[PDB]
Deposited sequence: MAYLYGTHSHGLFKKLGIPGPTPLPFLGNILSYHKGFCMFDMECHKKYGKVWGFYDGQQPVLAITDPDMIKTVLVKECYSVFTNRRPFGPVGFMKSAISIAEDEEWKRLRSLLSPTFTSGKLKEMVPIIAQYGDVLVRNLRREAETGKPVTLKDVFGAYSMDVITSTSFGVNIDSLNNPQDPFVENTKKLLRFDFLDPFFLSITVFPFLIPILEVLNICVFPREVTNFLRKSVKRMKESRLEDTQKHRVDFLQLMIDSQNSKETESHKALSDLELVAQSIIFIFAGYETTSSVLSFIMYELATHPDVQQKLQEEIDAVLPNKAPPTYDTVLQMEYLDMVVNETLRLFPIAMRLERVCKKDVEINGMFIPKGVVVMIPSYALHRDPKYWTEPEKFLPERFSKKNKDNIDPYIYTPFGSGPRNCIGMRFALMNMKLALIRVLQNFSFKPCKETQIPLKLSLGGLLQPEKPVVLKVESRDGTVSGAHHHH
């Protein structure tokens, strides 16, 4: 009931005090993000709490953070915490651990190079054209646009074609076989009934693992499993599947089911994340028409006459970059980074017992007054070539840092940027009566707007 509940009181580490069995989870009634702020303010720089019986040690010192993410990554802090029954998805690089992770990490790093990415741009860019045509039809008829559905559909189209060559217009084909399953691959709400129970009955995982109950649905994983065995057997492009089929012709060649595992996790990592950030950005651009106009101006300069964006001209645009980064400062959608302490260690004047989840509260550091002037404000300027220098890369970590960081970072920024470019080239975006202002974050376990973002969309 109190297993390890004296561990932090003992070691000298402060923090809220736990309740038996539940630990501190009642504190999650306002969300991971709000609880992390309060803990930063009211306890300082290091603190501890209990996800049920599991102690979690929050750390906020950039040198200490670097040690965990960078320095001792491979020796002490290699893995994230178990979070549910995962079945065969224990082979997805995100879930695999220790050496199996390192092998998967290596077998996949060449798939995410800039070269591989530059050759996917003409595919990603095609569904930007699709986006504008579907945006225009809703811009034609004066009717508010709900960003999450139009950007949701764009993200889906980008994934089907980048990882499977499946060329869909997911919006206009809302009944395709390939759209129904991939749309069931949403991000996990670790504050919803099931995942909370898993936290205070971690011993229920093995019970579930033996009933073959799985947090990745049996049908989705089954449909994609067989749908990929078709694609492999009809090919025998430039998409993730093929680069992976390539890398299996100094570690053990990528297995068959391991390739299926990665394709599904790429979807999981890329679907809701992308559409959610594109919507946050559109909210900020719609509530600061000066930033929007400025970006539209920077776009028309590089791309004269709605010229089509390319890998190289995308990377030209400084102010676009500043909008993307400043939006991810406010809304880092992972909320936290975490690693399991797998040994006893001392790092930066602090002993850490084997088994503690060490956690880095990204949302709260990105909104720390002590590192950010006027943190609540959308201020794209803080990332200009002028100011970009005094930003610590261990305070601002929307993609994490170190060897276990987001292997999809460059792909995701290039995907979102292509979207925002082709959309601002043709449209302007305005607040509504119904446009929730100021926007409220959800109280749940996902960093998303309370109410969806809806906006007026006009044509240029």
(message) Give me the ranges of the deposited sequence that have no CA atoms here, in sequence order.
(response) 1-5, 242-247, 261-265, 477-487
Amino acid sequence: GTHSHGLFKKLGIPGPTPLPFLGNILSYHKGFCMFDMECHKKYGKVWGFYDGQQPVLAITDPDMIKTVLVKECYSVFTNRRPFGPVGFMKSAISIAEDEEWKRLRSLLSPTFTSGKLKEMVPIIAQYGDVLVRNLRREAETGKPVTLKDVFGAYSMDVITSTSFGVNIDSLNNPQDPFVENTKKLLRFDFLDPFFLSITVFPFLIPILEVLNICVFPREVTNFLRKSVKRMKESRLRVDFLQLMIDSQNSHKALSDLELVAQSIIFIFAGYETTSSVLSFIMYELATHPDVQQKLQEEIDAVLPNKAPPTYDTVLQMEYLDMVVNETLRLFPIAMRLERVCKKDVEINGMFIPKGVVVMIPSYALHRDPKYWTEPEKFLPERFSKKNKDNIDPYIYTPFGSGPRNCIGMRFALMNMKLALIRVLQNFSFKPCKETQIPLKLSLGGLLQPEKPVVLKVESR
From here on, numbers count along this sequence of modelled residues.
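Just so we're on the same page, rigid core means the largest C-alpha set that superposes within 1.5 Å between forms.
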(message) If the other structures are each fit on the rigid core, which stretch ends up farther away in C-alpha terms in 9 other deposited structures of this protein, 359-367 or 138-146?
(response) 138-146
(request) Superpose on the core, then say which of 79-87 and 379-387 ends up with the larger RMS Cα offset from this form in 9 other deposited structures of this protein. (result) 79-87
(message) Tell me whether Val277 turns out to be unmodelled in at least a third of the other entries of this protein, restricted to those that model residues on both sides.
(response) no
(request) Can you check if, in at least a third of the other PDB entries compared, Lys342 has no modelled coordinates? (result) no
(request) Could you check which stretch, 283-291 or 86-94, carries the larger mean CA temperature factor in the entry? (result) 283-291
(request) Select between 174-182 and 116-124 the stretch whose C-alpha atoms have the higher average B-factor in the entry. (result) 174-182
(request) Using the temperature factors in the entry, find which of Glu219, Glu338, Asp189, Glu318 has the highest value at its Cα atom. (result) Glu219
(message) Out of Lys354, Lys388, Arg81, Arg105, whose C-alpha atom has the biggest B factor in the entry?
(response) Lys388
(request) For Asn24, return the chain-relative third of its C-alpha B-factor as stated in the PDB record: lowest, middle or highest. (result) lowest
(request) Taking the values exactly as deposited, rank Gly444 by C-alpha B-factor within its chain and report the matching third: lowest, middle or highest. (result) lowest
(request) Please place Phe35 in the lowest, middle or highest third of its chain by C-alpha B factor as given in the entry. (result) middle
(request) Sort the modelled residues of this chain by their C-alpha B factor and say whether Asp51 lands in the lowest, middle or highest third. (result) lowest
(message) Test of reading the entry: by CA B factor among the chain's modelled residues, which third contains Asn405?
(response) lowest
